[PDB]
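Listing of run20.cif, mmCIF, C-alpha atoms and all ligand atoms
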data_final
#
loop_
_atom_site.label_atom_id
_atom_site.label_comp_id
_atom_site.auth_asym_id
_atom_site.auth_seq_id
_atom_site.Cartn_x
_atom_site.Cartn_y
_atom_site.Cartn_z
CA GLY D 1 135.58 88.41 106.87
CA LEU D 2 137.53 85.23 107.35
CA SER D 3 138.91 84.46 110.77
CA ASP D 4 142.57 83.94 111.41
CA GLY D 5 142.10 80.15 111.51
CA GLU D 6 140.32 80.43 108.16
CA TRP D 7 143.05 82.56 106.47
CA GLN D 8 145.61 80.04 107.73
CA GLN D 9 143.68 77.11 106.09
CA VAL D 10 143.39 79.13 102.80
CA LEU D 11 147.11 79.77 102.82
CA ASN D 12 147.82 76.13 103.76
CA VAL D 13 145.77 75.03 100.71
CA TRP D 14 147.55 77.64 98.54
CA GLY D 15 150.84 75.88 99.41
CA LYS D 16 149.53 72.83 97.49
CA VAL D 17 148.84 75.05 94.46
CA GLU D 18 152.31 76.66 94.56
CA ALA D 19 154.09 73.28 94.25
CA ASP D 20 152.69 73.16 90.69
CA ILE D 21 151.25 76.52 89.72
CA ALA D 22 151.21 75.93 85.90
CA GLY D 23 149.61 72.45 86.27
CA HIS D 24 146.91 73.85 88.59
CA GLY D 25 146.40 76.94 86.39
CA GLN D 26 146.08 74.91 83.21
CA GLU D 27 143.50 72.46 84.78
CA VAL D 28 141.49 75.43 86.19
CA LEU D 29 141.22 77.03 82.75
CA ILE D 30 140.49 73.73 80.99
CA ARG D 31 137.75 72.99 83.54
CA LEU D 32 136.29 76.51 82.87
CA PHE D 33 136.47 76.31 79.02
CA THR D 34 135.00 72.79 78.79
CA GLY D 35 132.11 73.32 81.27
CA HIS D 36 131.41 76.82 79.89
CA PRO D 37 132.50 77.26 76.22
CA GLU D 38 131.13 80.78 76.11
CA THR D 39 134.09 81.63 78.36
CA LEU D 40 136.57 80.55 75.64
CA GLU D 41 135.11 83.23 73.40
CA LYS D 42 136.44 85.96 75.71
CA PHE D 43 140.00 84.89 74.70
CA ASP D 44 141.11 85.51 71.10
CA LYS D 45 144.26 83.72 72.14
CA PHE D 46 142.41 80.49 73.06
CA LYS D 47 139.42 80.50 70.72
CA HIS D 48 141.42 78.45 68.15
CA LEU D 49 141.58 75.67 70.75
CA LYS D 50 138.99 73.35 69.23
CA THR D 51 139.54 70.33 71.58
CA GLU D 52 140.51 69.44 75.13
CA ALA D 53 143.56 67.63 73.61
CA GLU D 54 144.51 70.93 71.93
CA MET D 55 143.93 72.81 75.26
CA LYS D 56 146.04 70.29 77.15
CA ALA D 57 148.88 70.64 74.63
CA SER D 58 148.86 74.48 74.66
CA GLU D 59 151.93 75.88 76.46
CA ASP D 60 150.43 79.36 76.05
CA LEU D 61 147.32 78.14 77.93
CA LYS D 62 149.66 76.92 80.72
CA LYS D 63 151.42 80.24 80.73
CA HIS D 64 148.17 82.10 81.14
CA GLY D 65 147.19 79.66 83.91
CA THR D 66 150.39 80.69 85.67
CA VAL D 67 149.51 84.43 85.21
CA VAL D 68 145.95 83.88 86.63
CA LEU D 69 146.99 81.86 89.72
CA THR D 70 150.01 84.06 90.54
CA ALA D 71 147.62 87.09 90.58
CA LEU D 72 145.10 85.21 92.76
CA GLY D 73 147.89 84.05 95.14
CA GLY D 74 149.01 87.70 95.47
CA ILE D 75 145.47 88.64 96.42
CA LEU D 76 144.93 85.68 98.86
CA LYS D 77 148.19 86.41 100.69
CA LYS D 78 146.72 89.91 101.48
CA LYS D 79 143.98 88.21 103.60
CA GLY D 80 141.26 90.65 102.53
CA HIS D 81 143.48 93.76 102.88
CA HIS D 82 143.59 93.37 99.07
CA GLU D 83 141.96 96.58 97.67
CA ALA D 84 145.20 97.77 95.81
CA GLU D 85 145.72 94.36 94.25
CA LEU D 86 142.02 93.78 93.48
CA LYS D 87 140.74 97.13 92.11
CA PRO D 88 142.90 97.11 88.91
CA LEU D 89 141.95 93.45 88.16
CA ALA D 90 138.32 94.43 88.69
CA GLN D 91 138.69 97.35 86.32
CA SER D 92 140.45 95.52 83.51
CA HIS D 93 138.04 92.61 83.73
CA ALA D 94 134.98 94.93 83.43
CA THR D 95 136.34 97.58 81.02
CA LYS D 96 138.87 95.76 78.86
CA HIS D 97 138.02 92.03 78.92
CA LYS D 98 134.27 92.36 79.48
CA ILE D 99 134.03 89.40 81.90
CA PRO D 100 130.59 89.11 83.50
CA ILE D 101 130.68 88.32 87.23
CA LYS D 102 129.05 84.89 86.60
CA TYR D 103 132.26 83.86 84.76
CA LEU D 104 134.19 84.65 88.00
CA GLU D 105 131.69 82.46 89.79
CA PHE D 106 132.40 79.71 87.20
CA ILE D 107 136.23 79.94 87.70
CA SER D 108 135.79 79.95 91.50
CA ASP D 109 133.86 76.63 91.21
CA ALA D 110 136.55 75.36 88.79
CA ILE D 111 139.30 76.11 91.41
CA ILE D 112 137.32 74.08 94.03
CA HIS D 113 136.86 71.16 91.60
CA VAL D 114 140.56 71.10 90.54
CA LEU D 115 141.73 71.15 94.20
CA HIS D 116 139.55 68.04 94.84
CA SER D 117 140.70 66.44 91.53
CA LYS D 118 144.43 66.95 92.26
CA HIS D 119 144.21 66.40 96.07
CA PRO D 120 141.45 63.72 96.52
CA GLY D 121 141.05 63.13 100.27
CA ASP D 122 143.76 65.72 100.98
CA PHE D 123 141.33 68.75 100.77
CA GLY D 124 139.09 68.42 103.78
CA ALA D 125 135.76 69.84 104.76
CA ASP D 126 137.39 72.69 106.77
CA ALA D 127 139.74 73.59 103.90
CA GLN D 128 136.94 73.67 101.31
CA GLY D 129 134.94 76.00 103.62
CA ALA D 130 137.85 78.40 104.19
CA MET D 131 138.90 78.45 100.47
CA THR D 132 135.20 78.94 99.38
CA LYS D 133 134.98 81.96 101.74
CA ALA D 134 138.19 83.40 100.32
CA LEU D 135 136.92 82.99 96.76
CA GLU D 136 133.54 84.53 97.63
CA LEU D 137 135.36 87.55 99.24
CA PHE D 138 137.43 87.95 96.03
CA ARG D 139 134.32 87.71 93.80
CA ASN D 140 132.27 90.02 96.10
CA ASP D 141 134.99 92.72 96.10
CA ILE D 142 135.22 92.59 92.27
CA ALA D 143 131.35 92.71 92.18
CA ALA D 144 131.51 95.89 94.23
CA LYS D 145 133.91 97.56 91.63
CA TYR D 146 131.69 96.27 88.75
CA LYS D 147 128.64 97.92 90.29
CA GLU D 148 130.60 101.19 90.57
CA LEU D 149 131.33 100.93 86.82
CA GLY D 150 127.71 99.86 86.03
CA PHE D 151 129.20 96.82 84.32
CA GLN D 152 126.65 94.06 83.49
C1 LIG K 201 140.75 83.87 89.61
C2 LIG K 201 140.20 84.70 88.69
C3 LIG K 201 140.97 85.47 87.70
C4 LIG K 201 142.29 86.10 87.93
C5 LIG K 201 143.10 86.13 89.22
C6 LIG K 201 142.56 86.65 86.69
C7 LIG K 201 143.77 87.45 86.42
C8 LIG K 201 144.23 87.92 85.10
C9 LIG K 201 145.48 88.67 84.93
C10 LIG K 201 146.59 88.95 85.96
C11 LIG K 201 145.47 89.02 83.52
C12 LIG K 201 146.50 89.85 82.77
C13 LIG K 201 146.34 91.30 83.25
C14 LIG K 201 145.00 91.94 82.91
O1 LIG K 201 144.28 92.41 83.83
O2 LIG K 201 144.67 92.00 81.70
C15 LIG K 201 144.29 88.49 83.01
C16 LIG K 201 143.93 88.68 81.59
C17 LIG K 201 142.68 88.17 81.04
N1 LIG K 201 141.66 87.53 81.67
MN1 LIG K 201 141.62 87.15 83.75
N2 LIG K 201 139.85 86.15 83.44
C18 LIG K 201 139.14 85.49 84.39
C19 LIG K 201 139.49 85.36 85.63
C20 LIG K 201 140.61 85.72 86.28
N3 LIG K 201 141.57 86.50 85.74
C21 LIG K 201 137.88 84.87 83.87
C22 LIG K 201 136.83 84.08 84.62
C23 LIG K 201 137.83 85.34 82.44
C24 LIG K 201 137.07 84.73 81.28
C25 LIG K 201 135.94 84.08 81.37
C26 LIG K 201 139.17 86.02 82.26
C27 LIG K 201 139.49 86.54 81.05
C28 LIG K 201 140.73 87.27 80.73
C29 LIG K 201 141.12 87.75 79.36
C30 LIG K 201 140.36 87.66 78.04
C31 LIG K 201 142.45 88.31 79.58
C32 LIG K 201 143.41 88.78 78.49
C33 LIG K 201 144.07 87.51 77.97
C34 LIG K 201 145.20 87.82 76.99
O3 LIG K 201 146.35 88.02 77.42
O4 LIG K 201 144.96 87.81 75.77
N4 LIG K 201 143.63 87.67 83.90
#
Have the structure of the file written as structure tokens, please.
Amino acid sequence: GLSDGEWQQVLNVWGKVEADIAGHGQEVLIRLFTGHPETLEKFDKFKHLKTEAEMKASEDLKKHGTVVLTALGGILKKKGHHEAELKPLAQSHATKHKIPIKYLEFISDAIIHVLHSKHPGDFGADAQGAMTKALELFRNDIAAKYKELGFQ
């Protein structure tokens, strides 16, 4: 698990995200779609987005960014007692959306990059560590539900 000190750092970092959840959520998704265009194909609602300019200008992309990060914030604030919040996300991402676990690895890396991009020099070595642990716990707990389903 994460230690208390570690959960505290994660939640301190999450405070930075909450000041602009849509902005953060949009940049996360844009970072994902542009570094991994296969990921765009999982979204019929974003597949028409031919350019980064188009992605940037999509209010519906922002809205979904808000949905994504609100759900993750929910989970993070549970400090690993997150099974009730996590299991249904796991299940819809395997069964409905068909999201391989590697794509969750991609979006985890995108979150780390965006935190550095938006908080250069304000997201220290300790904070990166604690947030990376939190994101690995999230991803590992979803992996566990995927295995149960035999997904991927
Ligand atoms: C952080 C990681 C992460 C979180 C917290 C997340 C949370 C959500 C939530 C909440 C919904 C709406 C409820 C549901 O379960 O259908 C949802 C819908 C979705 N998600 Mn995801 N999702 C991903 C990663 C995430 N998703 C990744 C990675 C992929 C693609 C590569 C993805 C593709 C989807 C698709 C597709 C939908 C349905 C979008 C739509 O409304 O049309 N996403």
Could you give me the residues within 6 Å of ligand LIG 201 (chain K), counting only C-alpha atoms and all ligand atoms, as an mmCIF file with C-alpha atoms, keeping the file's coordinate frame?
data_model
loop_
_atom_site.group_PDB
_atom_site.id
_atom_site.type_symbol
_atom_site.label_atom_id
_atom_site.label_comp_id
_atom_site.auth_asym_id
_atom_site.auth_seq_id
_atom_site.Cartn_x
_atom_site.Cartn_y
_atom_site.Cartn_z
ATOM 1 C CA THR D 39 134.090 81.630 78.360
ATOM 2 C CA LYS D 42 136.440 85.960 75.710
ATOM 3 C CA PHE D 43 140.000 84.890 74.700
ATOM 4 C CA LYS D 45 144.260 83.720 72.140
ATOM 5 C CA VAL D 67 149.510 84.430 85.210
ATOM 6 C CA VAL D 68 145.950 83.880 86.630
ATOM 7 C CA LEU D 69 146.990 81.860 89.720
ATOM 8 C CA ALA D 71 147.620 87.090 90.580
ATOM 9 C CA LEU D 72 145.100 85.210 92.760
ATOM 10 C CA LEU D 89 141.950 93.450 88.160
ATOM 11 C CA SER D 92 140.450 95.520 83.510
ATOM 12 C CA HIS D 97 138.020 92.030 78.920
ATOM 13 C CA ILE D 99 134.030 89.400 81.900
ATOM 14 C CA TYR D 103 132.260 83.860 84.760
ATOM 15 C CA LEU D 104 134.190 84.650 88.000
ATOM 16 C CA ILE D 107 136.230 79.940 87.700
#
Could you make a table, as a Markdown table, of the residues of stretch 30-83 of chain D that have an atom within 10 Å of an atom of stretch 129-140 of chain D, each with its nearest atom pair and distance in Å to one decimal, counting only C-alpha atoms, in chain and number order?
| residue | atom | partner | partner_atom | distance |
| --- | --- | --- | --- | --- |
| D:72 | CA | D:138 | CA | 8.8 |
| D:75 | CA | D:138 | CA | 8.1 |
| D:76 | CA | D:134 | CA | 7.3 |
| D:79 | CA | D:134 | CA | 8.2 |
| D:80 | CA | D:137 | CA | 7.4 |
| D:82 | CA | D:138 | CA | 8.8 |
| D:83 | CA | D:138 | CA | 9.9 |
Grab the residues selected above and save them as a short mmCIF file (atom, residue, chain, number, x, y, z; two decimals), in the frame of the given file with C-alpha atoms.
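Saved the output as selection_13.cif:
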data_model
loop_
_atom_site.label_atom_id
_atom_site.label_comp_id
_atom_site.auth_asym_id
_atom_site.auth_seq_id
_atom_site.Cartn_x
_atom_site.Cartn_y
_atom_site.Cartn_z
CA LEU D 72 145.10 85.21 92.76
CA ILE D 75 145.47 88.64 96.42
CA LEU D 76 144.93 85.68 98.86
CA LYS D 79 143.98 88.21 103.60
CA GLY D 80 141.26 90.65 102.53
CA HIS D 82 143.59 93.37 99.07
CA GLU D 83 141.96 96.58 97.67
#
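Shortest separation to residue D:114 among D:151, D:6, D:128, D:48 occurs at residue D:128, atoms counted being only C-alpha atoms.
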- For residue D:58, which residue among D:29, D:117, D:84, D:35 is the nearest when counting only C-alpha atoms?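 Closest to residue D:58 of all the choices is D:29.
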- Just give me the gap between atom CA of residue D:59 and atom CA of residue D:25 in Å, one decimal is fine. 11.4 Å
